[PDB]
Amino acid sequence: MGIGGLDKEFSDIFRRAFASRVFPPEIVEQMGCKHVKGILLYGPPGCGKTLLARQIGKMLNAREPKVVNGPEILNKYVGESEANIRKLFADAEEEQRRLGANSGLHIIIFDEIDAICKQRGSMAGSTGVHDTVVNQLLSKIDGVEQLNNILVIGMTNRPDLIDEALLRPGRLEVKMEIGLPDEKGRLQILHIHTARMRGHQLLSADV
Amino acid sequence: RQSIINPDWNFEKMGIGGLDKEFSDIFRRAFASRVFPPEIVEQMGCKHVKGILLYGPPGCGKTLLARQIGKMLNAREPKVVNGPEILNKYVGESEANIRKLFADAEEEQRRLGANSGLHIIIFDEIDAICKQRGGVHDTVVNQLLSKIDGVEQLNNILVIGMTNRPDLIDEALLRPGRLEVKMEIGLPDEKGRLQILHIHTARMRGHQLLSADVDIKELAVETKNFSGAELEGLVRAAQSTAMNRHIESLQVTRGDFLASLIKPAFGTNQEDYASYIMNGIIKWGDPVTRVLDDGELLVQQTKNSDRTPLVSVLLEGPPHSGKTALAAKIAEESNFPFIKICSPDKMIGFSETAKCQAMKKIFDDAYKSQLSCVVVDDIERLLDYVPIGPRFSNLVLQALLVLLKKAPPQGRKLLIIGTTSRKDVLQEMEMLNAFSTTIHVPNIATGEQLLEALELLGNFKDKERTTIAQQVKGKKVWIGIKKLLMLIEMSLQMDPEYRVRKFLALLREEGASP
Amino acid sequence: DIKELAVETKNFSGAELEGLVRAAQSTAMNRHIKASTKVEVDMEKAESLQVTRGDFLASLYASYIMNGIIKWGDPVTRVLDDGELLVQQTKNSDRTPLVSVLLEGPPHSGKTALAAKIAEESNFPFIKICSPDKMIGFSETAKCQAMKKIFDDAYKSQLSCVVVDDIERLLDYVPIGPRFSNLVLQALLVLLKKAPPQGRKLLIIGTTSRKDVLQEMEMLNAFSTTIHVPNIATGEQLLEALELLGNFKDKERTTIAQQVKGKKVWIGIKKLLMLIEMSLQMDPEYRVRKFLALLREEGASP
Amino acid sequence: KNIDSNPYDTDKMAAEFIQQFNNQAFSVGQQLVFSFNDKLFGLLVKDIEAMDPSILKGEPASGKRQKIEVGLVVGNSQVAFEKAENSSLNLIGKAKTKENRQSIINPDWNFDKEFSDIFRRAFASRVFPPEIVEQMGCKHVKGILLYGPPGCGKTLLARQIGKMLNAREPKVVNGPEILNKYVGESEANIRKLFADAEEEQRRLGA
Amino acid sequence: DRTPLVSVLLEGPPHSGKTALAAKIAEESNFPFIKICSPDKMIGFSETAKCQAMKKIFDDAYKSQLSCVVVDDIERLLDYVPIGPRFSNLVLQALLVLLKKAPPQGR
Ligand SMILES: Nc1ncnc2c1ncn2[C@@H]1O[C@H](COP(=O)(O)OP(=O)(O)OP(=O)(O)O)[C@@H](O)[C@H]1O
Ligand SMILES: Nc1ncnc2c1ncn2[C@@H]1O[C@H](COP(=O)(O)OP(=O)(O)OP(=O)(O)O)[C@@H](O)[C@H]1O
Ligand SMILES: Nc1ncnc2c1ncn2[C@@H]1O[C@H](COP(=O)(O)OP(=O)(O)OP(=O)(O)O)[C@@H](O)[C@H]1O
Ligand SMILES: Nc1ncnc2c1ncn2[C@@H]1O[C@H](COP(=O)(O)OP(=O)(O)OP(=O)(O)O)[C@@H](O)[C@H]1O
Ligand SMILES: Nc1ncnc2c1ncn2[C@@H]1O[C@H](COP(=O)(O)OP(=O)(O)O)[C@@H](O)[C@H]1O
C-alpha cells in the first residue's frame, strides 16, 4: 500500500479494532457486539501518521474523510468553537436519521488534538479558558442519542496533557505508538520512494 | 384519564444493574404522586416534585439512566439539548433560545389545565451554564431561574440534570421546590458486578456461543474496584480475541478471558512496579528481614482496626541506601486494591499551584475506595530545599501538613508511606509531630555482609573472592548498596589482570567516616 | 402534634417547611404501591390512608468527635463547668454582647474536640465550625474572602457561636525565619472586635497549640479570658482510663500497675489510643510487654 | 419544502414585480404570493413611502417622503424584500435593498531571499524539456508574495521579472477593481481574466 | 546492562579549556545522537522559558536508542553572583531531578 516499516503496528490495529468490520454480519449480530469508536496515534512528526489514516480510510470503502487542523477550529468570538465542532456531525446525523441501520459509516480526522483538549480545572475560580470546548467534544462523541456510523481518529504528541475523560473505555480505548523506523524500514522506504525512477530506468547500478 | 406508564414496562428490561436502592429512592420521591389515584391527591392539595440531580465519577451509568428514565414514561418524545449548543454571539439571542424550550408546555397548560400530559427536558453537562453569580452568563442563569419558577405557576414539568463537578453549581438553583432530589452513583461492589455481567452476557448464553468451562463467579471475584465501563470493555475485547482465531463452532473459553484480562483507571499499575524496582531484592543481612516484618505489622494494623482509620510513618535513610525500593516492595505486598505513587519527576517545571492541584487530585481520587495505599518519595526534593539560606516553598509544606491529619469519609481506610534522606532538616521543620512512628534503614557496616552480597550478586569468581576477603576483613567499612553496584559495574571494564586491585583501590578512595 | 414539630424544626425556611410536608405525603403514599418492579398495581387499602409521625421522623459532629468523651479525671469537670458558666454569661447579658476566650494546653491534648462538645451543649440555634479542611491550596486573598463570608453569615441570627480551629495552621507558621502570613493575622485581629447590629449576640472560641508564639505577636490582648487543658499525669489516672476503655483485663492490669504505680507520666489521650491500637496487633501472650516497652520509650520531657 | 440556500438574482424579481402588478392598489399589512425560478414565495407589505409630489411635478425631490396608509404602484415605483429571520433563501440582486443592519455584537471576553535563489526554488523546473521533468514529476512553485512599505521598487522588480522571461504582455489589476456595484459581477471579472489562459492550455497543451 | 545511567563532572581553574575537551570526547564517542546545550542560545529568556528549553532537549533525547549530552556552563545557567549569594531556585530543582530519571527500558 506504499507504507513500510510498521507492520507490527498495523497487525495490532487490525486485530484489535477492525476484526468485526470484516467478519460476516450474521454471527456478529448474533453476538450483539458494538464497534470500536476511535483510536489515538502519537509520535515524532514526519513519521507517516496521516498517510496511515488515509490508507485505513480507503481500506474499508468509506466516504471521503473530513480532516481539519486542530488550531483553526477555535474562533476568536464567543460561542463559536463549539459550533464548529458540532458542524462536523451533521452529515452523519442526517444520514442515520434517513437510513436507519443501513446508513454508511463516516470519518473524523482530528489533528494536533492536544491543542484543543486539556484537563478541566476542578478548583473554583481556577477554571481553564477553554473548558467549554472540551465539554462540547465530550457531549458530541457519546451522548444521549446514539450514532452507529462514525469513527474518530486523533493524532497528538503530548499524551500526558490530555483530559482523562477522552480515554475512558467509551471513547478512544485503543492506543498505539509510531516510532522512528529502524534499518529495515529505511530500506523499504528507499525502495518505495525510488520505485518510480527504477521503473523509468534512472536508477544507476553504481548506486 | 390515561395512565402514565406503559403496560409493557418492567424493571428487568431496563438493563441497569447495581443501583437497586437508588432506583427505589428515585421512584419513591419522584413518581409516587403521579401514579396514585387522582381523587385522593385532589384531596391532599400538593404540588409535584420538579427536579432530579444525578452525580458521580466517570463510567458509572448516568446517561444510561437518564435515557432509560426518558423512555420509561408514557409522554411524548423528550427534547434533548447536547451540551452548550444554545450559546450565541449576539445580544439577547441565547435568552430567546432558552425561552423557546418551554413554549409548548406553557401553551398546553393554558389550554387544558389539569388534563395535560407530562413534558421532560434534559440538560447534559449543565455545569457549563449555571455557575455561582459574582455579565452574560449571569443573565443566562437569571433567565433560567425566572423561567423555571416565576409569577405564573406551572404544574406539569420535570427536569433531569447530569454533571461531573457538583461543587461548582450556584446555590440558588438547588433548593426545595427546585431540583431537590440528589442522588449519588458510586463505584459498585461485587454483587453489582455480577448483575452487570449478567446483563451484558444474556444473548450469548441463549445461542450456546459460550463455552461451558467459563464460570462467571471467578471473573466476578478477580475484578476488584472495577466500574461498568471496564466490565463492558472486557467482554468486547474477549469477543474480538475469540473471533481473531478464525482468520460456526465458535465459543468463548476461559483462556480468552485470562488473556484479555484493559488497565482500569482506579486499579493497580504493574509498569510502575516494574520501573521502581529494577534489580529485585537481595537478602544480604538481618535488617532487611526486620524491615519487612515491620511492614507486615503495619499492614495488619490498618486492615483490621476500627478506631484508627488513618496511620502515618515516613522512613529515612543514608543517601543511596535504597529507601524507595523497600517502600515499593511494602506497597506491593500490602495486596490492597488501590495503590499509587506520587513522585516529583512528573512535575518538572511545575509551579506551586500545579503541584498542589496534582497532590489534591491524587489524594481526593484515592478517597473513593475502601482500602488505599499511596507512596510519596523524596520529600526534600518535593520541598525544593537548598541549604544555603535556607530557602523553600511554604505553601507546599502547609498543604502536606494539613493533609497528614484529615480523616476520610466514614468507614474508609488509608495508608501513607513517606521516604526521605535528610531527617535532621525534617525535625527542624516540625514535621515529625504528624507521623505515628518511624523505621530506620541502615548501611553496610561489615566485611561479612559485603562478602555475602558479593556472592549473591555473582559477578566475580571464587579466587578473586578469597583475595578480596584477605584485605577487607581487617577492618570495618561504610558503603551503600547502590554505590557498591556502581563500583562493580565500573570495575568490570578493565583488563582481567588488574581488576581486583582496582576494586580495592576504589574502595580505598570512597571510604569515609560514618 | 404540630407544636412538637415546631419545637423540633429550628432554622427552617418557608420552603423547607413546604418540602417537609411534601416529602411526608410522598412517603405516606409510598406504602400502598406494591409491585413497581414487576407491574405497577394499586391495592384496595388506599382508602385507609393516614400520615403518621414515624414518617416525619424518617423525613427529618460525628466527624470531629470520633471517639467520644470519657470522664477520666477531675479536670474534665472543671472545663465543662467553666464552659457552662461562659455560655450562661453570654446568653443573659446586655452590656457586653461580644466575649472571647482561648483554650490552651500542651500539644496532642485533644482541645478541639472539647471545644466542639462545649458548643454542642450550648444548645444555641446557630453553630458553625471553620476548618482548614476546605481551604487546601487557597491563596491568602481567598482565605480572607472565606472568613469574611463566614463571619457575615453570623449577623442574621439572635444568638451565634463560632469556633476557630488550629489557629497556627491558619497563619502558615514555620519556626525557621520565622515566616508567616500577615494578611490573615490582620484580618482576624480586626474581626474580633466588631459588634453585630444592636440586639444580637455572638460568641467566639479559638484553639491553638503554642501559646508563646501568639504571645509574641501581641495577640493575647484581644481575648477576654483563658482556660487550661492538662495532660495525664499519674499512674492511678492511667489505670482509671484503662478501666474505662475496657481493653486489658485485670490479670494484666495488676502487672501493669506494679510498674507504673511507682512513677510519673506525661501523655495525651490520643497518643495513648494509638499505642493501644499498635499493641493489640501482636500475639496474645506478648502484648503487655510491648505496651510497657512502648510506654517507657515514649518519654516525658515535661 | 422548496427551501435552498444559494443566492437568487433578485433585481429581476423586483422589475418583474413592477411589471406584473403595475397600477394596482397596495396597502400596509397586505399578504400576497410571488414566483421566480419556478419557486414560490410568500410576501407581506410592511412600509410604504410615497414619492415626493415634486417628482410627479418633474422637479428634484426634497426627501420629504410621506408615509401613506395606501399607495398606488406606477411605472417607476420601487420595492424592497427583507427576509423574515428564520430563513435560508439567500438573496442579492443589488437593488433588492437591505438596510444596513446596525446591530450590536459582543466579542468573546478573556483573550528575504536572493532573486537567483528564487529562480532556483521556483523556476528551475519550468526551463527543462517536458520529458525529464515528467520523469520524476517535480512539483512547481506558483505563488509569490512581496511585503514591504510603499514604494516604486516593488513595481520596478515586477517589470524586471516581466522582462527577463519570454512571457506574454503582463495583465495588471490595481487594487479591488473586481468589486462592482453589480454584485455578482466581481466574480465575473475573475472568470474573464483566465479565459486566455484556459484557451492556451487547451490549445497548445504542454 | 545493570547501570543504564552514568554521570561525570570536569573541574579545574578558569581558562583551562574544559569546553574543548568535552567537545572532543563527544566527537570521539561515535554515537548517533549528539546535541549541545549552552546558555549562549538563551539570552534574555525568563526562568520558566529556560526550564522549558531544557525540558524540550531532554524529552527529545529520550526518543533515541543511544544518547550523550553535554552541558557547558553550569554557573552561567544558574545566574550565580558572590554577593548574597543570590540565584534562581527553579533551574536548580530541574537539574537535580533530571540527573536521576532513567529512560524507558532498554535505552
Ligand atoms: N450498571 C450498568 N449497567 C449497564 N450498563 C452500564 C452500567 N454501568 C455502565 N454501563 C455502560 O456505560 C455505558 C455508557 O456510560 P455513560 O457515559 O452513560 O455513563 P456516565 O457515568 O454518564 O459517564 P461519564 O461521566 O463518563 O459521561 C453504556 O454502554 C452502558 O452499557
Ligand atoms: N535488598 C535491596 N535493598 C535495597 N535496594 C536494593 C536491594 N536489592 C536491590 N536493590 C537496588 O537498589 C536500588 C534502589 O535505589 P533507589 O534509586 O531506589 O534509591 P533511593 O534510596 O530511593 O534514593 P537515591 O537514589 O536518591 O539514593 C535499585 O537499583 C534496586 O534494584
Ligand atoms: N475526654 C476527652 N476529651 C477529648 N477528646 C477525647 C476524650 N475522650 C476521648 N477523646 C478522643 O480523643 C481524640 C481527640 O483527638 P483530636 O484529633 O481532637 O486531637 P487534637 O487536639 O487535634 O490533637 P493534635 O492536633 O495535637 O494531634 C478524639 O478521637 C476524641 O474523640
Ligand atoms: N590542547 C589544548 N588544550 C586546551 N585548549 C586548547 C588546546 N589546543 C587548543 N586549545 C584552545 O583553547 C581554547 C579553550 O578555550 P575555552 O573557551 O574552551 O575554555 P573554557 O575552559 O571552556 O573557558 P570559558 O569559561 O571561557 O568557556 C580553545 O580556543 C581551544 O581551541
Ligand atoms: N514509511 C513511509 N512510507 C511512505 N511515505 C512516508 C513514510 N514516512 C513518511 N512518508 C512521507 O511523509 C510525508 C508526509 O506524511 P505525513 O503523515 O503528513 O507526515 P506528518 O507525520 O509530518 O504529518 C508524505 O509525503 C510521505 O511520502
# chains A, B, ... in the order shown; residues from 1 in each chain; ligands from 1
call {"tool": "residues_near_ligand", "arguments": {"ligand": "ligand 3", "cutoff": "9 Å", "atoms": "only C-alpha atoms and all ligand atoms", "output": "number ranges by chain"}}
result
B: 307-308, 405, 433-434; C: 64-73, 76, 106-115, 117, 165-166, 207-209, 268-271, 273
call {"tool": "write_last_selection", "arguments": {"atoms": "N, CA, C and O atoms", "output": "short mmCIF file (atom, residue, chain, number, x, y, z; two decimals), in the first residue's frame"}}
result
data_model
loop_
_atom_site.label_atom_id
_atom_site.label_comp_id
_atom_site.auth_asym_id
_atom_site.auth_seq_id
_atom_site.Cartn_x
_atom_site.Cartn_y
_atom_site.Cartn_z
N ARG B 307 -10.82 1.87 65.26
CA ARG B 307 -10.59 3.14 65.95
C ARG B 307 -9.50 4.01 65.35
O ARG B 307 -9.36 5.16 65.76
N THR B 308 -8.73 3.51 64.38
CA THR B 308 -7.63 4.26 63.79
C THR B 308 -7.72 4.15 62.27
O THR B 308 -7.03 3.34 61.65
N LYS B 405 -3.41 14.92 58.52
CA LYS B 405 -4.31 14.61 59.63
C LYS B 405 -5.77 14.84 59.27
O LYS B 405 -6.56 15.24 60.13
N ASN B 433 5.83 15.73 64.10
CA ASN B 433 4.72 15.61 65.02
C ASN B 433 3.46 15.03 64.40
O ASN B 433 2.55 14.66 65.13
N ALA B 434 3.40 14.93 63.07
CA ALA B 434 2.23 14.37 62.40
C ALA B 434 2.36 12.89 62.07
O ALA B 434 1.39 12.29 61.61
N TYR C 64 -15.95 15.21 63.79
CA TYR C 64 -14.91 15.80 64.62
C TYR C 64 -14.78 15.10 65.97
O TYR C 64 -13.67 14.91 66.46
N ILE C 65 -15.90 14.71 66.56
CA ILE C 65 -15.91 13.94 67.80
C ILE C 65 -16.08 12.49 67.38
O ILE C 65 -17.19 11.98 67.22
N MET C 66 -14.96 11.81 67.18
CA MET C 66 -14.98 10.47 66.62
C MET C 66 -15.09 9.40 67.69
O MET C 66 -15.86 8.45 67.55
N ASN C 67 -14.31 9.54 68.77
CA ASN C 67 -14.24 8.53 69.82
C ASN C 67 -14.84 8.98 71.15
O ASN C 67 -14.50 8.42 72.19
N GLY C 68 -15.72 9.98 71.14
CA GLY C 68 -16.39 10.38 72.36
C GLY C 68 -15.54 11.08 73.41
O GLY C 68 -14.39 11.47 73.19
N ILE C 69 -16.15 11.22 74.58
CA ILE C 69 -15.53 11.86 75.74
C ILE C 69 -15.76 10.99 76.96
O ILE C 69 -16.88 10.54 77.21
N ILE C 70 -14.70 10.76 77.73
CA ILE C 70 -14.74 9.93 78.92
C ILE C 70 -14.24 10.73 80.11
O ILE C 70 -13.26 11.48 79.99
N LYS C 71 -14.90 10.57 81.25
CA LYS C 71 -14.53 11.32 82.44
C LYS C 71 -13.44 10.49 83.09
O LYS C 71 -13.70 9.59 83.89
N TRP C 72 -12.20 10.80 82.74
CA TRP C 72 -11.03 10.10 83.26
C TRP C 72 -10.40 10.80 84.45
O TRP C 72 -9.41 10.29 84.99
N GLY C 73 -10.92 11.94 84.86
CA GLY C 73 -10.32 12.65 85.97
C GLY C 73 -11.15 13.86 86.34
O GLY C 73 -12.26 14.06 85.84
N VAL C 76 -11.70 17.43 83.67
CA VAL C 76 -12.77 17.48 82.68
C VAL C 76 -13.98 18.19 83.26
O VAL C 76 -14.60 19.04 82.60
N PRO C 106 -0.92 21.70 76.30
CA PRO C 106 0.19 21.12 75.57
C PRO C 106 -0.29 20.43 74.31
O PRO C 106 -1.48 20.16 74.15
N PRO C 107 0.61 20.14 73.38
CA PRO C 107 0.21 19.53 72.12
C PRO C 107 -0.35 18.14 72.32
O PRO C 107 -0.03 17.45 73.29
N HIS C 108 -1.22 17.73 71.39
CA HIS C 108 -1.83 16.40 71.43
C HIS C 108 -2.74 16.22 72.64
O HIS C 108 -2.94 15.10 73.11
N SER C 109 -3.29 17.31 73.14
CA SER C 109 -4.20 17.25 74.28
C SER C 109 -5.66 17.08 73.90
O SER C 109 -6.49 16.87 74.79
N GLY C 110 -6.02 17.20 72.63
CA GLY C 110 -7.40 16.97 72.26
C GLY C 110 -8.26 18.13 72.69
O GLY C 110 -9.25 17.94 73.40
N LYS C 111 -7.91 19.32 72.25
CA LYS C 111 -8.64 20.51 72.68
C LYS C 111 -9.79 20.86 71.76
O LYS C 111 -10.84 21.33 72.22
N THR C 112 -9.66 20.58 70.46
CA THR C 112 -10.71 20.95 69.53
C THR C 112 -11.97 20.13 69.79
O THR C 112 -13.08 20.66 69.70
N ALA C 113 -11.81 18.86 70.13
CA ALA C 113 -12.98 18.04 70.40
C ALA C 113 -13.73 18.57 71.61
O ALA C 113 -14.96 18.62 71.62
N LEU C 114 -12.99 18.99 72.64
CA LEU C 114 -13.63 19.53 73.83
C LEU C 114 -14.38 20.81 73.50
O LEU C 114 -15.50 21.03 73.99
N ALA C 115 -13.78 21.65 72.66
CA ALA C 115 -14.48 22.86 72.26
C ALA C 115 -15.77 22.51 71.53
O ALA C 115 -16.81 23.13 71.75
N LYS C 117 -17.56 19.88 71.98
CA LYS C 117 -18.53 19.43 72.96
C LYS C 117 -19.19 20.62 73.64
O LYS C 117 -20.41 20.63 73.86
N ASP C 165 -10.43 26.77 64.55
CA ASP C 165 -9.65 25.60 64.88
C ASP C 165 -8.28 25.68 64.24
O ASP C 165 -8.15 26.04 63.06
N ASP C 166 -7.26 25.33 65.02
CA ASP C 166 -5.88 25.26 64.56
C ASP C 166 -5.43 26.61 64.01
O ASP C 166 -5.14 26.78 62.82
N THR C 207 -8.90 27.67 69.22
CA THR C 207 -8.00 26.62 69.67
C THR C 207 -6.62 26.82 69.06
O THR C 207 -6.50 27.16 67.89
N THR C 208 -5.59 26.60 69.87
CA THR C 208 -4.21 26.72 69.43
C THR C 208 -3.38 25.75 70.24
O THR C 208 -3.83 25.22 71.25
N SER C 209 -2.15 25.53 69.79
CA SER C 209 -1.27 24.58 70.46
C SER C 209 0.08 25.17 70.83
O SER C 209 0.97 24.43 71.28
N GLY C 268 -0.76 12.32 76.30
CA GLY C 268 -2.05 12.77 75.86
C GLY C 268 -2.92 11.57 75.53
O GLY C 268 -2.42 10.48 75.27
N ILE C 269 -4.23 11.77 75.56
CA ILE C 269 -5.16 10.66 75.34
C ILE C 269 -5.02 10.09 73.93
O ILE C 269 -5.00 8.86 73.75
N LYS C 270 -4.92 10.95 72.92
CA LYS C 270 -4.85 10.47 71.54
C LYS C 270 -3.63 9.60 71.27
O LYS C 270 -3.71 8.58 70.56
N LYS C 271 -2.54 9.86 71.98
CA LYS C 271 -1.37 9.03 71.80
C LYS C 271 -1.52 7.72 72.54
O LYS C 271 -1.03 6.69 72.08
N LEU C 273 -4.28 6.16 72.85
CA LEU C 273 -5.11 5.36 71.96
C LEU C 273 -4.27 4.73 70.87
O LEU C 273 -4.42 3.55 70.55
#
call {"tool": "residues_near_ligand", "arguments": {"ligand": "ligand 2", "cutoff": "6 Å", "atoms": "only C-alpha atoms and all ligand atoms", "output": "PyMOL selection string"}}
result
chain B and resi 277-283+319-325+482
call {"tool": "residues_around", "arguments": {"residues": "residue A:43", "least_positions_apart": "3", "cutoff": "10 Å", "atoms": "only C-alpha atoms", "output": "PyMOL selection string"}}
result
(chain A and resi 46-49+155-159+176-180) or (chain E and resi 63)
call {"tool": "interface_residues", "arguments": {"of": "chain D", "to": "chain B", "cutoff": "9 Å", "atoms": "only C-alpha atoms", "output": "PyMOL selection string"}}
result
chain D and resi 103-108
call {"tool": "write_last_selection", "arguments": {"atoms": "N, CA, C and O atoms", "output": "PDB file, in the first residue's frame"}}
result
ATOM      1  N   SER D 103     -26.527  46.456  14.145  1.00  0.00           N
ATOM      2  CA  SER D 103     -26.823  45.507  15.214  1.00  0.00           C
ATOM      3  C   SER D 103     -25.583  45.295  16.070  1.00  0.00           C
ATOM      4  O   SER D 103     -24.502  45.021  15.542  1.00  0.00           O
ATOM      5  N   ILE D 104     -25.741  45.408  17.392  1.00  0.00           N
ATOM      6  CA  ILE D 104     -24.606  45.197  18.283  1.00  0.00           C
ATOM      7  C   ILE D 104     -24.228  43.721  18.309  1.00  0.00           C
ATOM      8  O   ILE D 104     -25.070  42.825  18.172  1.00  0.00           O
ATOM      9  N   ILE D 105     -22.935  43.480  18.481  1.00  0.00           N
ATOM     10  CA  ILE D 105     -22.340  42.154  18.566  1.00  0.00           C
ATOM     11  C   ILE D 105     -21.345  42.148  19.723  1.00  0.00           C
ATOM     12  O   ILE D 105     -20.582  43.104  19.888  1.00  0.00           O
ATOM     13  N   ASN D 106     -21.363  41.082  20.543  1.00  0.00           N
ATOM     14  CA  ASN D 106     -20.494  41.033  21.723  1.00  0.00           C
ATOM     15  C   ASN D 106     -19.280  40.115  21.518  1.00  0.00           C
ATOM     16  O   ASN D 106     -19.421  39.020  20.966  1.00  0.00           O
ATOM     17  N   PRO D 107     -18.050  40.523  21.956  1.00  0.00           N
ATOM     18  CA  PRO D 107     -16.816  39.877  21.463  1.00  0.00           C
ATOM     19  C   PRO D 107     -16.596  38.424  21.870  1.00  0.00           C
ATOM     20  O   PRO D 107     -16.950  37.514  21.119  1.00  0.00           O
ATOM     21  N   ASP D 108     -16.041  38.193  23.066  1.00  0.00           N
ATOM     22  CA  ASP D 108     -15.639  36.849  23.477  1.00  0.00           C
ATOM     23  C   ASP D 108     -15.069  36.743  24.877  1.00  0.00           C
ATOM     24  O   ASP D 108     -15.142  35.676  25.494  1.00  0.00           O
TER      25      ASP D 108
END
call {"tool": "closest_atom_pairs", "arguments": {"of": "chain A", "to": "ligand 5", "cutoff": "9 Å", "atoms": "only C-alpha atoms and all ligand atoms", "output": "Markdown table"}}
result
| residue | atom | partner | partner_atom_place_in_ligand_line | distance |
| --- | --- | --- | --- | --- |
| A:1 | CA | ligand 5 | 4 (C) | 9.0 |
| A:2 | CA | ligand 5 | 4 (C) | 5.6 |
| A:3 | CA | ligand 5 | 3 (N) | 4.0 |
| A:4 | CA | ligand 5 | 1 (N) | 4.7 |
| A:5 | CA | ligand 5 | 1 (N) | 6.0 |
| A:6 | CA | ligand 5 | 1 (N) | 7.6 |
| A:43 | CA | ligand 5 | 21 (O) | 8.1 |
| A:44 | CA | ligand 5 | 21 (O) | 7.2 |
| A:45 | CA | ligand 5 | 21 (O) | 4.4 |
| A:46 | CA | ligand 5 | 22 (O) | 3.2 |
| A:47 | CA | ligand 5 | 8 (N) | 4.7 |
| A:48 | CA | ligand 5 | 17 (O) | 3.5 |
| A:49 | CA | ligand 5 | 17 (O) | 4.1 |
| A:50 | CA | ligand 5 | 17 (O) | 3.6 |
| A:51 | CA | ligand 5 | 17 (O) | 4.7 |
| A:52 | CA | ligand 5 | 17 (O) | 7.0 |
| A:53 | CA | ligand 5 | 17 (O) | 8.2 |
| A:181 | CA | ligand 5 | 1 (N) | 7.9 |
| A:185 | CA | ligand 5 | 1 (N) | 7.1 |
| A:186 | CA | ligand 5 | 1 (N) | 8.0 |
| A:188 | CA | ligand 5 | 1 (N) | 7.9 |
| A:189 | CA | ligand 5 | 3 (N) | 5.5 |
| A:190 | CA | ligand 5 | 3 (N) | 8.8 |
| A:192 | CA | ligand 5 | 4 (C) | 6.8 |
| A:193 | CA | ligand 5 | 4 (C) | 7.2 |
call {"tool": "interface_residues", "arguments": {"of": "chain C", "to": "chain B", "cutoff": "8 Å", "atoms": "only C-alpha atoms", "output": "list in words"}}
result
residues 15, 16, 19, 22, 23, 26, 27, 29, 30, 36, 37, 38, 39, 42, 63, 67, 132, 133, 136, 137, 169, 172, 174, 175, 176, 274, 277, 278 and 281 of chain C
call {"tool": "residues_near_ligand", "arguments": {"ligand": "ligand 1", "cutoff": "6 Å", "atoms": "only C-alpha atoms and all ligand atoms", "output": "list in words"}}
result
residues 15, 16, 17, 18, 57, 58, 59, 60, 61, 62, 63, 64, 196, 228 and 229 of chain B
call {"tool": "residues_near_ligand", "arguments": {"ligand": "ligand 4", "cutoff": "6 Å", "atoms": "only C-alpha atoms and all ligand atoms", "output": "JSON list (two decimals) with N, CA, C and O atoms, in the first residue's frame"}}
result
[["chain", "number", "residue", "atom", "x", "y", "z"],
["E", 14, "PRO", "N", 39.96, 28.46, 36.04],
["E", 14, "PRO", "CA", 39.41, 29.13, 34.86],
["E", 14, "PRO", "C", 40.37, 29.12, 33.69],
["E", 14, "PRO", "O", 41.59, 29.10, 33.85],
["E", 15, "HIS", "N", 39.79, 29.12, 32.48],
["E", 15, "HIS", "CA", 40.54, 29.20, 31.23],
["E", 15, "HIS", "C", 41.44, 28.00, 31.00],
["E", 15, "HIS", "O", 42.40, 28.07, 30.23],
["E", 16, "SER", "N", 41.14, 26.88, 31.65],
["E", 16, "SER", "CA", 41.93, 25.68, 31.46],
["E", 16, "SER", "C", 41.61, 25.03, 30.12],
["E", 16, "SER", "O", 42.47, 24.39, 29.52],
["E", 17, "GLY", "N", 40.37, 25.19, 29.65],
["E", 17, "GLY", "CA", 39.93, 24.64, 28.38],
["E", 17, "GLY", "C", 39.01, 23.44, 28.51],
["E", 17, "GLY", "O", 39.10, 22.49, 27.73],
["E", 18, "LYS", "N", 38.09, 23.50, 29.46],
["E", 18, "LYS", "CA", 37.20, 22.37, 29.70],
["E", 18, "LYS", "C", 36.25, 22.14, 28.53],
["E", 18, "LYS", "O", 36.02, 20.99, 28.13],
["E", 19, "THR", "N", 35.71, 23.21, 27.95],
["E", 19, "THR", "CA", 34.71, 23.05, 26.91],
["E", 19, "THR", "C", 35.28, 22.30, 25.72],
["E", 19, "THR", "O", 34.62, 21.42, 25.15],
["E", 20, "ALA", "N", 36.50, 22.64, 25.33],
["E", 20, "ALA", "CA", 37.12, 21.99, 24.19],
["E", 20, "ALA", "C", 37.28, 20.50, 24.43],
["E", 20, "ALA", "O", 36.97, 19.68, 23.55]]
call {"tool": "residues_around", "arguments": {"residues": "residue D:7", "least_positions_apart": "3", "cutoff": "8 Å", "atoms": "only C-alpha atoms", "output": "PyMOL selection string"}}
result
chain D and resi 89-92
call {"tool": "closest_residue", "arguments": {"among": "C:3, C:78, C:253, C:134", "to": "chain A", "atoms": "only C-alpha atoms"}}
result
C:134
call {"tool": "closest_residue", "arguments": {"among": "B:349, B:56, B:150, B:233", "to": "chain E", "atoms": "only C-alpha atoms"}}
result
B:349
call {"tool": "atom_distance", "arguments": {"atom1": "atom CA of residue B:341", "atom2": "atom CA of residue B:375"}}
result
4.7 Å
call {"tool": "residues_around", "arguments": {"residues": "residue C:223", "least_positions_apart": "2", "cutoff": "6 Å", "atoms": "only C-alpha atoms", "output": "PyMOL selection string"}}
result
chain C and resi 100-101+220-221+225
call {"tool": "residues_around", "arguments": {"residues": "stretch 35-41 of chain E", "least_positions_apart": "2", "cutoff": "6 Å", "atoms": "only C-alpha atoms", "output": "list in words"}}
result
residues 43, 69, 70, 71 and 72 of chain E
call {"tool": "write_last_selection", "arguments": {"atoms": "N, CA, C and O atoms", "output": "tab-separated table (two decimals), in the first residue's frame"}}
result
chain	number	residue	atom	x	y	z
E	43	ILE	N	19.60	33.89	25.59
E	43	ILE	CA	19.85	35.25	26.06
E	43	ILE	C	18.53	35.98	26.21
E	43	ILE	O	17.74	36.07	25.27
E	69	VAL	N	24.77	13.77	26.06
E	69	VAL	CA	24.51	15.20	26.09
E	69	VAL	C	25.54	15.88	26.97
E	69	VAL	O	26.02	15.31	27.95
E	70	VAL	N	25.88	17.12	26.61
E	70	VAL	CA	26.91	17.88	27.30
E	70	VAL	C	26.33	19.22	27.71
E	70	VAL	O	25.71	19.91	26.89
E	71	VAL	N	26.53	19.60	28.97
E	71	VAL	CA	26.16	20.91	29.49
E	71	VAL	C	27.42	21.70	29.81
E	71	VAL	O	28.30	21.22	30.55
E	72	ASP	N	27.51	22.90	29.25
E	72	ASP	CA	28.75	23.66	29.16
E	72	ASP	C	29.05	24.50	30.40
E	72	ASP	O	30.08	24.29	31.05
call {"tool": "residues_around", "arguments": {"residues": "residue B:152", "least_positions_apart": "6", "cutoff": "12 Å", "atoms": "only C-alpha atoms", "output": "VMD selection string"}}
result
chain B and resid 106 109 to 110 146
